[PDB]
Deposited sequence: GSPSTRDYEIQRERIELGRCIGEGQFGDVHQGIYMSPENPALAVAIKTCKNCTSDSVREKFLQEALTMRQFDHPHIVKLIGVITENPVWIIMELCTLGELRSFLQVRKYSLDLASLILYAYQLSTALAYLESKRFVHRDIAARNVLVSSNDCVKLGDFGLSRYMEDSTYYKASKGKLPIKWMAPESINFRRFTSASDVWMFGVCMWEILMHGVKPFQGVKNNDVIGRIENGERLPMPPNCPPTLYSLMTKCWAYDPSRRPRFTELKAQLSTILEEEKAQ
């Protein structure tokens, strides 16, 4: 059980806006004062909003992995708060844009690898994420990223677009797009394309182009993620191993 007394929490500065409300950084004093992220919920006075907001916490207590944001606890009395581990450097997408001439290829491949370990862990728990995108990834330090979110047509597998089918294979399709976003320094996929035109493009065998400076072996791995037939896509355990070798060939 994750119920925390509010007096053990000290609110700090706002670090961004979440789905249900402002996200703040703060301190959690337990019997060694830890820096935390505090998710708030402005409309949580109503049980329908509260149940949806707290479902994120219910989902997060199931996981314990170094590349998945940790649930510290919850404050169920109004105003309702979710206490999470703080990832100081913020959202990946913005971090990539800002540090576009700072981060080398080896660092970019490292983030993809780290995300593949988090996704292999989830796949081992038979958990389907449904929203793998660079915007749902958090940066803890310059060499440590975390998966942090528990209609994106341009990230979705064709079967998800056409039939609302979400499986472990559709999650592999989205990871391919996430890797592309990483190597493109946080540029959104299919820029200047309308959401309704994406399915038609994919159906014609069209894919996101090879990013400049992307190793061709890494791009062939992304194209394997983008097999139209879901049964032809690799699983995260294979991706993780591949990304390990690609990373070593880059570090040397």
Missing C-alpha stretches, by deposited numbering?
1-6, 38-39, 159-176, 279
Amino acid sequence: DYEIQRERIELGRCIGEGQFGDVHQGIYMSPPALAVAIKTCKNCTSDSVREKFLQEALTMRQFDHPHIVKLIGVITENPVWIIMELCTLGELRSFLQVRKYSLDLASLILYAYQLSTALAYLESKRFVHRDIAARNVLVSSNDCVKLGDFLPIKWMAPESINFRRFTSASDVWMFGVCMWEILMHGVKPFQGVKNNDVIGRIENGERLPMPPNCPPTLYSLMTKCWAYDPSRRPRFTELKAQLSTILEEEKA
From here on, numbers count along this sequence of modelled residues.
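Only the largest set of C-alpha atoms that superpose within 1.5 Å between the two forms is called the rigid core.
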Core superposition done, the stretch whose Cα atoms deviate more in 9 other deposited structures of this protein, picking from 100-108 and 134-142, is 134-142
On a core superposition, give the stretch, 87-95 or 73-81, with the larger average C-alpha separation from this form in 9 other deposited structures of this protein (RMS over structures and residues).
73-81
Does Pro66 go missing in at least one third of the other entries compared here?
no
I'd like to know whether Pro31, which is modelled here, goes unmodelled in a third or more of the other compared entries that cover its flanking residues.
yes
184-192 versus 219-227: which one carries the higher mean Cα B factor per the record?
184-192
Going by the entry, of stretches 131-139 and 96-104 the one with greater average Cα B-factor is 96-104
Entry record, C-alpha B-factors for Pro158, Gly176, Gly73, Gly148; the maximum is at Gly148
Residue with highest C-alpha B-factor in the PDB entry, from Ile68, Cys41, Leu208, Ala37
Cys41
In terms of the chain's CA B-factor thirds, is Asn162 lowest, middle or highest?
middle
Within this chain's modelled residues, let me know which third the CA B factor of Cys14 belongs to: lowest, middle or highest.
highest
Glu123: CA temperature factor from the record, placed by chain third, in the lowest
Using only modelled residues of the chain, where does the Cα B factor of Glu77 rank: lowest third, middle third or highest third?
highest
